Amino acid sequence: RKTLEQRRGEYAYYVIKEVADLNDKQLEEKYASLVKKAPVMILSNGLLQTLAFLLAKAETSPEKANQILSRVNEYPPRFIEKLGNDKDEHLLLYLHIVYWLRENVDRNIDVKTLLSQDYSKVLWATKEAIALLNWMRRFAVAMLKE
């Protein structure tokens, strides 16, 4: 696990395992369904709109999301425990995607920065997101249910 691909797989494995380990059937079914659509959502609508949509659906701001991410300091990263009693599957996915992008593409990436960044950085961030979500989708089919 040293190449980008291997690290994408390992990370996808752990975030999906966390959902499985929560033992919350509702959060698991909704999340599994959403992550399976994510890659197609980005391909057809783009990254910015998909991430904006996740925050909109979660009634959350990129500021609040970054505050949560700032607390994710260990590996494997623990996201679910960072949320409140209400585990929003849209915010969760948002966190999964942005954390990975900030870690492997640009630490400043988020819905608002993506409005100004050059075309090459957006393309890059978009291709990474797709590669990430493909793995996450594969693992959800392998580990989650609906």
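Numbers follow the displayed sequence, beginning with 1.
Stretches 74-82 and 36-44 differ in mean C-alpha B factor, with the higher average recorded for 36-44. When the two stretches 137-145 and 4-12 are set side by side, the higher mean Cα temperature factor goes to 137-145. Across the residues 101, 111, 95, 54, the deposited record lists the maximum Cα B factor for 111. The entry lists a Cα temperature factor for residue 17 that places it in the lowest third of the chain's modelled residues.
The PDB entry assigns residue 91 a C-alpha temperature factor belonging to the lowest third of its chain's modelled residues. Per the deposited record, the Cα B-factor of residue 116 falls in the highest third when ranked against the other modelled residues of its chain. For residue 26, the recorded CA temperature factor ranks within the highest third of the chain's modelled residues. Annotation for residue 105: CA B-factor lies in the highest third of the chain's modelled residues.
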